[PDB]
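Here you get one chain, nothing else, as structure tokens; it is the form deposited in one PDB entry.
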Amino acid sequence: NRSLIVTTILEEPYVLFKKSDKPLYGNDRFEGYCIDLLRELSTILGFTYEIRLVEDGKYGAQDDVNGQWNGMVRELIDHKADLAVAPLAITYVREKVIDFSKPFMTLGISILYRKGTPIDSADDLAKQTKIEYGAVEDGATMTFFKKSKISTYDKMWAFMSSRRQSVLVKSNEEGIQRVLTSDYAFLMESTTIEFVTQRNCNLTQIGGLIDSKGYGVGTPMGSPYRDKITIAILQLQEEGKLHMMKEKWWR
């Protein structure tokens, strides 16, 4: 049985380079929530695999003009990878081109901002133009605002869109630093906000969840592995493994 090619991307605490003095080889060079998840999926389902980092460094978005997909989503579409195991959001637009297992983690979009201000919700940001705000460019969060029919979010999209190169960033880290060094609020996924605020007492989540979504394993559309991965994830859930992995990497 040839080994599966599993595409992923660096993102703390899901995927990180394992540190050591002694040389690390193959899949052992990686660690994190998604790495532990993947290992369990392989032993539960009985497959071997090789971890690779998505070449273009993206999750998956469709080009507005040429309509082509990029990121891990595109690698799956083109059968360049068998599975994608990362904090990949399960979204309607993505489900149209690839398949997803049931979620291994639930979350929602929220706001990351500095403490000490009266800003208390998305509405507060939307009704003003002084404090700038944004999201990772073309990520699931930004796309949510772009496709939203809700006036408040539509207004926010118009804002970010008009100042695209100034307010949209390339990573969660860039967004975090931007919040820390300027009057800026960052729209990001709650599970990452959770990790960040526990490590920086100057940061806080603002308001509650803007939506409800989850992360799932991606497979090429029609892959016989999608349903099998779901079975493995459900077993991990009932065995309390998913909860243990969350506590392990978030602590």
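Only residues modelled in both forms are compared. For clarity, a rigid core is taken as the largest C-alpha set superposing within 1.5 Å between two forms. Start at 1 with the first residue shown and count on from there.
Absent from the display: the form deposited in another entry. The rest refers to it.
- Superposition of the core reveals a Cα shift of less than 2 Å for residue 222 between the shown form and the other one.
- Once the cores line up, the CA of residue 234 ends up less than 2 angstroms apart between the shown form and the other one.
- Core-superposed comparison between the shown form and the other one: the Cα of residue 243 travels less than 2 Å.
- In sequence order, there is one run of three or more residues whose C-alphas all shift by 2 angstroms or more between the shown form and the other one, with the rigid core superposed, and it is 19 to 26.
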